[PDB]
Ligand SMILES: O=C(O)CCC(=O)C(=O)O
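There is one chain below, alone, in structure tokens, taken in the form deposited without the ligand.
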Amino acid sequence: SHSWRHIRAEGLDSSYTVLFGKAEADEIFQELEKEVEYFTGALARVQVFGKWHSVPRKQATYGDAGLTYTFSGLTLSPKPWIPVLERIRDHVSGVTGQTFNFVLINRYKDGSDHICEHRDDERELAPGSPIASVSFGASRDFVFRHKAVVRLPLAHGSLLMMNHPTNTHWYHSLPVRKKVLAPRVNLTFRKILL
């Protein structure tokens, strides 16, 4: 959390680092796999180009009561905060100064689970606050495209910080990587509005 690779271009502003060492990350990830309860059924379908699909991964959301989060036809309410999530949130707040009330958690069982190209833009995502993507497990390729391409390997225990207006000009994705066979759990902390 002292060594940052800054990513900057017209409309792009992100920062990356390895926040947790190997041991602390293994301990956390081992806790996450036990505690996190992933959504199922209706709560795991999105609507895109006219059709519903199951997401090719698992999703959960946690955060303060009453906040919601919508994208692609689906509204999610947060389950309440569990210690391991509290612990990751607060250590992230500690290095960034920033503060968060909500966390989307995506789990990729292996390298065929993915997330398609999108922007993480939306009204309820508050002004003046970034998005913090933390990762545990397998290492997976993360790509920015400007509708030019920056490819970023997200390592075990890393933190990708995503400031304004990265989200109002560039698309991101976690493409299929067939050669990866291990799980990845990603956490993206946000500061949402009522």
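Residues carry their position along the shown sequence, with the first being 1. Shifts are known only where both forms have a C-alpha. The term rigid core refers to the most C-alpha atoms you can superpose between the two forms while keeping them within 1.5 Å.
Unmodelled residues of the deposited sequence between residue 147 and residue 148: 10 or more. 79 to 87 and 116 to 124 differ in mean CA B-factor, and the higher of the two is recorded for 116 to 124.
When the mean C-alpha temperature factors of 90 to 98 and 103 to 111 are read from the deposited coordinates, 90 to 98 comes out higher. Residue set 185, 174, 25, 12: peak C-alpha B-factor at 12 (per PDB entry). The entry assigns its greatest Cα B factor, within the set 164, 156, 140, 57, to 164.
Among the modelled residues of its chain, residue 170 has a C-alpha B-factor that falls in the highest third according to the deposited record. Among the modelled residues of its chain, residue 48 has a C-alpha B-factor that falls in the middle third according to the deposited record. Placement of the Cα temperature factor of residue 129 within the chain: highest third of the modelled residues, per the deposited record. Among all modelled residues in its chain, residue 160 ranks in the lowest third by Cα B-factor. In this PDB entry, residue 36 carries a Cα temperature factor that places it within the lowest third of its chain's modelled residues.
The next section is about a form of this same protein that is not shown, the form solved in complex with the ligand.
Contact annotation: residue 133 falls within 4.5 Å of the ligand in the deposited complex, judged by heavy atom distances. In the deposited complex, none of the heavy atoms of residue 100 sits within 4.5 Å of a heavy atom of the ligand. The closest non-hydrogen atom of residue 159 lies beyond 4.5 Å of the ligand in the deposited complex. The shortest heavy atom separation between residue 29 and the ligand in the deposited complex exceeds 4.5 Å.
By the 4.5 Å heavy atom rule, the three marked residues 120, 154 and 184 all count as contacting the ligand in the deposited complex.
Contacts of stretch 98 to 136 with the ligand in the deposited complex, defined by any heavy atom lying within 4.5 Å, are made by 104, 106, 108, 115, 118, 120, 133, listed in sequence order. Core superposition between the shown form and the other one reveals the following runs of 3 or more residues with every CA shifted by 2 angstroms or more: 45 to 53, 65 to 77.
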